[PDB]
Number of protein chains: 4
Amino acid sequence: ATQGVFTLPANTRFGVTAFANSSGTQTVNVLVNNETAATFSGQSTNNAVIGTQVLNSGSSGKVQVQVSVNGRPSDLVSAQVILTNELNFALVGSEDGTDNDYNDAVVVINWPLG
Amino acid sequence: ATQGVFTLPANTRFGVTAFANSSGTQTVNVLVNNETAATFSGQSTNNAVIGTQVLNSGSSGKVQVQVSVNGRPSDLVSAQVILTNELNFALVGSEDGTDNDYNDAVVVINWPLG
Amino acid sequence: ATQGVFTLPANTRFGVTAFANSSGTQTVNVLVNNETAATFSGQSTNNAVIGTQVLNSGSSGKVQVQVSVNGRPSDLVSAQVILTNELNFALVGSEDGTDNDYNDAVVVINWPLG
Amino acid sequence: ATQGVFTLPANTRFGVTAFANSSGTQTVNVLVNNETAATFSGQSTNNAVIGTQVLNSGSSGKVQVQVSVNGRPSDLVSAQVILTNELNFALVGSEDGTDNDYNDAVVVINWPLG
Ligand SMILES: [Ca+2]
Ligand SMILES: [Ca+2]
Ligand SMILES: [Ca+2]
Ligand SMILES: [Ca+2]
Ligand SMILES: [Ca+2]
Ligand SMILES: [Ca+2]
Ligand SMILES: [Ca+2]
Ligand SMILES: [Ca+2]
Ligand SMILES: [Cl-]
Ligand SMILES: [Cl-]
Ligand SMILES: [Cl-]
Ligand SMILES: [Cl-]
């Protein structure tokens, strides 16, 4: 099944934040309406916050997260969760290797902001 | 129901990261072993990271997040999500006012690390 | 925080299913258009499906779950989860007692159908 | 990533319930310690409960859900959610066809019982 694609409410500011847990340097691309809007990268085995940004979901509300290590796409897993019918998280894990820890890059999307 | 309390696997390192979206200065306390292990304070209406750290869940595995503003505890909401039976998120929102956006401090806990 | 209230897409059919795990008879009430639209009752400590029904979220999309045990409202906990940006669950737990298992009546809402 | 595999607490009773929303007869297999423990089959486009059963997670706690239609495995999506650090859901969707509604068989696992 497709993973790492989320329909947000249109024209909405959201936070996107990436964490690294791997020997390899991660690259996280964040697309809004099918165009790259942010790119984060770093290397940490201790959950470094390699990037954080505020983006706008735009007219489509379509947000996609892609993860790669030195040109190789990682395997994604994802889901969305809503607390008290108000607070939204879109969650991505990724695996670059064989251990299936799926934390090699972790991406959290949150809205609303403000 | 109790909110912001999570039983992690014992003796396990975890990330805790806090984001602010409020006029109020947010104070986030993270307890392990029922004693404060990290405290983050900051202000933003743009989802700024007001703290990030790695902590150890200790012998009980019990982790608690508390949030207060102007000395008053905020109302918490939380849940845990597990992706591909491996990647864990414990998520907390909080409300310091009337709009019920529950984003006034947002806390992301994630494990495993490494 | 408010629990057991969910904003579904308007005019959408959804399943609602209740399970019982308690010494006491559970009453589950499901509201749409702020009016009770399905009710289920039963006593089980073996996760009986005390009722399942398909309902329509109507023009507001507002769906509410209430649980009580012989008149006394239970304490609710809830969240919503979305898989592959498509499949939706709204989840309710409830506590009628002191043990905080929150399984005394469990309610699952799922959409889309068909 | 692997989907439909969950590590429950060992030797614990859990509920497993399957719903159908498809033109085809759905077959759901529920494995405990890599051996099929329960199987549900049925057809509905109106979210009928095609099976429900209480099972024991046994010494390993490993539970796996597989879904097929007339011998063809469906594509699975899944996650786990925990409310108030107590109530657990393991959630499965499946897609048997081209529309990607992922509701063709929906499987809900819940614990603890009682
Ligand atoms: Ca890995
Ligand atoms: Ca890793
Ligand atoms: Ca607020
Ligand atoms: Ca706010
Ligand atoms: Ca109880
Ligand atoms: Ca109970
Ligand atoms: Ca389908
Ligand atoms: Ca279908
Ligand atoms: Cl909720
Ligand atoms: Cl999973
Ligand atoms: Cl997803
Ligand atoms: Cl919680």
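We use all heavy atoms of the structure for the numbers below, so side chains are in, but hydrogens, waters and symmetry mates are not. Per chain, numbering begins at 1; letters A, B, ... match sequence-line order.
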(request) Return the option, out of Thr17(C), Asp99(C), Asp104(C), with the maximum number of heavy-atom pairs under 4.5 Å with chain D. (result) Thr17(C)
(message) Need one label for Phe89(D): side chain, backbone, both or neither, based on atoms under 4.5 Å from any heavy atom in chain C.
(response) side chain
(message) Check whether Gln3(C) reaches the backbone of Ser78(C) with its side chain - one donor and one acceptor, N or O, closer than 3.5 Å.
(response) yes
(request) With a 4.5 angstrom heavy-atom cut-off, could you sort out which part of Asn46(C) is near chain D: side chain, backbone, both or neither? (result) both
(request) Name the member of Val106(C), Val81(C), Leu91(C), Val49(C) that forms the most heavy-atom pairs with chain D at distances under 4.5 Å. (result) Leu91(C)
(request) Under 4.5 Å heavy-atom distance to chain D, tell me which part of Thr84(C) shows up: side chain, backbone, both or neither. (result) both
(request) Could you tell me whether the side chain of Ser57(C) and the main chain of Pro9(C) form a donor-acceptor pair under 3.5 Å? (result) yes
(message) Report which part of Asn100(D) has an atom under 4.5 Å of a heavy atom belonging to chain C: side chain, backbone, both, or neither.
(response) backbone
(request) Pick one of side chain, backbone, both or neither for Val108(D), based on which atoms fall under 4.5 Å of a heavy atom in chain C. (result) side chain
(message) Side chains of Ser44(C) and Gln26(C), heavy atoms from C-beta outward: is any pair under 4.5 Å?
(response) no
(message) Can you tell me which residue among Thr25(D), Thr27(D), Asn29(D) is in a side-chain hydrogen bond (donor to acceptor under 3.5 Å, both in side chains) with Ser41(D)?
(response) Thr27(D)
(message) Heavy-atom cut-off 4.5 Å, strictly under: side chain, backbone, both or neither for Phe19(C) against chain D?
(response) side chain
(message) How about CG on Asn70(D), more than 12 heavy atoms from neighbouring residues, nucleotides or ligands closer than 6.0 Å, or not?
(response) no
(request) Check whether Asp101(D) gets within reach of chain C through its side chain, its backbone, both or neither, counting any heavy atom under 4.5 Å. (result) both
(request) Would you name the heavy atoms of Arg13(D) and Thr45(C) that are closest together and state the gap between them? (result) NH2-O, 2.9 Å
(message) Any side-chain to backbone donor/acceptor pair from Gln43(D) onto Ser22(D)? Under 3.5 Å, distance only.
(response) yes
(message) Heavy-atom pairs under 4.5 Å with chain C: which of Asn88(D), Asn47(D), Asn85(D), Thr52(D) has the most?
(response) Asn47(D)
